[PDB]
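Input: a single structure, listed below in structure tokens.
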Amino acid sequence: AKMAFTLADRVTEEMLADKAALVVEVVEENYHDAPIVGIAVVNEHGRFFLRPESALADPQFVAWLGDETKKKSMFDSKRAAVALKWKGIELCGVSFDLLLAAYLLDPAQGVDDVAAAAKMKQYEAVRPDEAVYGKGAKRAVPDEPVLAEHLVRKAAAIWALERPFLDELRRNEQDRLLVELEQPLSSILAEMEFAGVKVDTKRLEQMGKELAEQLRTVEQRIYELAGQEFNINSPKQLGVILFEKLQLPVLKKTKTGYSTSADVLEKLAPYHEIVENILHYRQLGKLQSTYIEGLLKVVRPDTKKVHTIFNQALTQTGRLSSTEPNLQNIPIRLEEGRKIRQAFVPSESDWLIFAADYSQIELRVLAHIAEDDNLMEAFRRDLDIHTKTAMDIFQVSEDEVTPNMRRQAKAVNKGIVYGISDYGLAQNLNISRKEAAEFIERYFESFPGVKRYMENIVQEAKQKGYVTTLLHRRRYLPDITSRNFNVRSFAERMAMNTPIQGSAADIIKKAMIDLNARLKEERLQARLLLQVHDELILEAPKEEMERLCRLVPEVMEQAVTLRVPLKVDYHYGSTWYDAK
DNA sequence: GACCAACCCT
DNA sequence: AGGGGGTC
């Protein structure tokens with residue numbers, strides 16, 4: 001049932017209306033320096049398909065793309081915007097992004113194409129991308145009539161669905177969240193991804209060489225200690241060596257066999273010297289395969305940069321994620337892995353890396369939303385929150401908090417944030433369930449506002465069907481009324497955690513927007529490179545460091561006003577590693 | 001190609 | 001709480 005459209009050979013004026021749905025199709029998953037395979041425009045004058053070689057060489061089309069007063073409705077405008085950046089072309093005037101609209105309305109739908117968004121409004125006259133392009137090894141751009149019809153159907157769907165999505169967003173009080181936060185963020189993210197992060201590949205290659213050697217040493221030790229050679233990475237062979245040949249106790253069983261997770265191996269260590277070597281082996285192998293080799297695979301040889309993609313429409317809480325590479329999980333906890341960060345360097349000579357991070361943003365949001373007097377006081381006094389929680393739950397003075405007490409109060413604080421239960425805290429602290437329940441009980445005795453919040457939010461999630469964040473992000477929790485304890489309990493944890501994690505995500509997004517405007521106003525050459533949930537990483541000329549020291553924390557702290565202050569710490573240095 | 005245990009981050 | 005090799 002073909003949809004009517006003009007398969008245009010040249011760009012004409014009626015294609016350049018000041019309101020249109022626009023599709024700029026980039027089929028490669030990684031859109032950096034990738035082909036644009038076709039273009040489609042739908043507006044008041046009709047529906048059009050243009051070949052990219054024609055349209056992107058046409059000066060009037062390029063000027064239309066870059067004209068802020070010519071409004072476009074798209075799906076996943078950052079994909080388009082980034083692909084066009086690599087071709088030297090600017091995309092402006094995107095006033096509606098259907099991907100981001102669908103994500104705000106319900107993140108649980110997993111909307112990743114136009115067809116999935118359209119289904120939300122009983123619009124089905126468009127195919128899923130997976131049906132048009134196929135999947136896996138059979139993934140292919142189809143021939144032009146099939147391609148052109150698909151792109152026009154997508155554009156037509158966008159044109160049809162804008163009004164219904166914006167109506168619903170408004171009813172939800174999410175219209176400003178789309179227009180003033182997620183859409184402008186999307187363009188900031190596009191700049192970040194495009195700029196990329198410079199990598200010292202030589203330093204990485206030498207790290208790889210050293211690891212290679214330490215891995216050979218530990219691997220031989222392991223075969224010496226096992227008394228035979230085997231695939232250390234094989235769960236079958238390793239399970240046989242540990243739990244049969246060597247008779248180590250079986251403390252945990254996997255669905256398919258013996259468990260060898262790090263928590264289990266740490267318990268087995270006293271019984272045999274093989275265990276610490278296996279652990280060290282896995283630590284090095286992780287660094288080698290994921291971080292040295294993985295990173296070296298994705299660095300662009302021409303520029304020596306990595307260009308991540310930030311998925312802004314994926315997480316259930318409002319966080320971003322990062323892929324190919326993931327720059328939000330670069331090792332930091334153990335010193336040997338943290339050195340990987342010495343390979344991330346400024347993109348120009350005499351530039352430095354600058355990192356700013358919120359101090360305990362999740363707990364401070366909790367203090368604000370729960371209005372707990374004790375917690376709010378703690379933050380208003382800028383106390384070490386974990387020491388203070390130790391003092392209250394153990395009923396001791398600051399002098400009497402031992403390192404183990406602080407470690408445990410810390411785990412409780414994480415637990416309260418992730419809404420965990422006597423059971424989940426017990427596993428984390430390696431203790432009994434009754435003991436955990438005693439900690440939680442003491443916590444709530446000291447922070448009765450937090451308890452009140454946890455109760456109130458679970459009830460609100462049951463009453464309304466969802467919970468919300470500070471800036472009106474939403475998460476639907478239909479399992480909250482389940483009669484199955486485990487399923488219900490998980491939904492309740494989500495009710496408790498989501499306004500905390502999600503409101504934190506809202507605040508840092510708003511900081512990024514405010515910061516980008518300030519950097520411009522000041523005409524600084526400093527640029528945002530990365531976000532890592534509660535921190536922003538920038539590069540700038542050494543001559544701008546002193547100004548950034550004042551400017552960046554202040555923008556991040558003033559992003560919203562909460563009942564308690566926000567606090568931002570910062571550092572800078574020659575490499576990401578040194579920015580500590 | 002798809003899963004799953006495993007492990008890196010906040 | 002939220003993400004991003006071996007074995008069939």
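No hydrogens, no waters, no symmetry mates; every other heavy atom, side chains included, goes into these values. Note on naming: letters A, B, ... go to the chains in the order of the sequence lines (proteins, then strands), and numbering restarts at 1 for each one.
Of the side-chain N and O atoms in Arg475(A), one or more sit less than 4.0 angstrom from OP1 or OP2 of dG2(C). At least one side-chain nitrogen or oxygen of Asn231(A) sits closer than 4.0 Å to the OP1 or OP2 atom of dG6(C). Dashed line: the shortest gap from a side-chain N or O of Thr260(A) to OP1 or OP2 of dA6(B) is under 4.0 Å. At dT7(C), one or more side-chain N or O atoms of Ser234(A) fall inside 4.0 Å of OP1 or OP2 (strictly under the cut-off).
Within the 4.0 angstrom heavy-atom criterion, no nucleotide atom of any strand lies near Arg338(A). Contact annotation for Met496(A): no contact, since no heavy-atom pair falls under 4.0 Å across all strands. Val417(A) comes within 4.0 angstrom of no nucleic acid atom, judged by non-hydrogen atoms across all strands. At a threshold of 4.0 angstrom between heavy atoms, the contacts of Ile330(A) are confined to the sugar-phosphate backbone, with no base atom among them. Here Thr290(A) lies out of heavy-atom contact (under 4.0 Å) with every strand. As judged by a 4.0 angstrom heavy-atom cut-off over every strand, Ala262(A) is placed among residues touching the sugar-phosphate backbone only. Residue contacts shown for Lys135(A) are limited to sugar-phosphate atoms, with no base heavy atom under 4.0 Å away.
Using a 4.0 Å cutoff on non-hydrogen atoms, the parts of residues 308-325 of chain A near DNA chain C are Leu314(A), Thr315(A), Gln316(A), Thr317(A), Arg319(A), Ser321(A), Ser322(A), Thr323(A), ordered by number.
The listed nucleotides are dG2(C), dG4(C), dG5(C); the one nearest the side chain of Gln501(A) is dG2(C). Candidate nucleotides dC8(C), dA5(B), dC7(B) were compared by shortest atom distance to the side chain of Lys236(A), and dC8(C) ranks first. Minimum atom distance to the side chain of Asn497(A) is reached by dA1(C), of the listed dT7(C), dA1(C), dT10(B).
Under 3.5 Å, the side chains of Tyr223(A) and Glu219(A) contain a donor-acceptor pair of N or O atoms. Using a 3.5 Å distance cut-off with no hydrogens or angles, the side chains of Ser321(A) and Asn311(A) do not pair a donor with an acceptor.
The base-pairing partner of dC8(B), taking Watson-Crick or G-U wobble contacts with both distances under 3.5 Å, is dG3(C). Using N1 to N3 plus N6-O4 or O6-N4 for Watson-Crick, or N1-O2 and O6-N3 for G-U wobble, each under 3.5 Å, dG1(B) pairs with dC8(C).
Between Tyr258(A) and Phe243(A), the ring planes are tilted. Angles from 30° to 60° get that label.
Cation-pi geometry between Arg475(A) and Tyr466(A) is not satisfied (NZ or CZ under 6.0 Å from the ring centre, within 45° of the ring normal).
For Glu182(A), the side chain to side chain donor-acceptor pair (under 3.5 Å) partners at least two apart in sequence or on another chain are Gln312(A), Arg473(A), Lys509(A).
For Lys414(A), the NZ atom sits in a packed shell: over 12 heavy atoms of surrounding residues, nucleotides or ligands are nearer than 6.0 Å.
Remark: side-chain polar atoms of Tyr31(A) are not paired, donor with acceptor, to backbone N or O of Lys78(A) under 3.5 angstrom.
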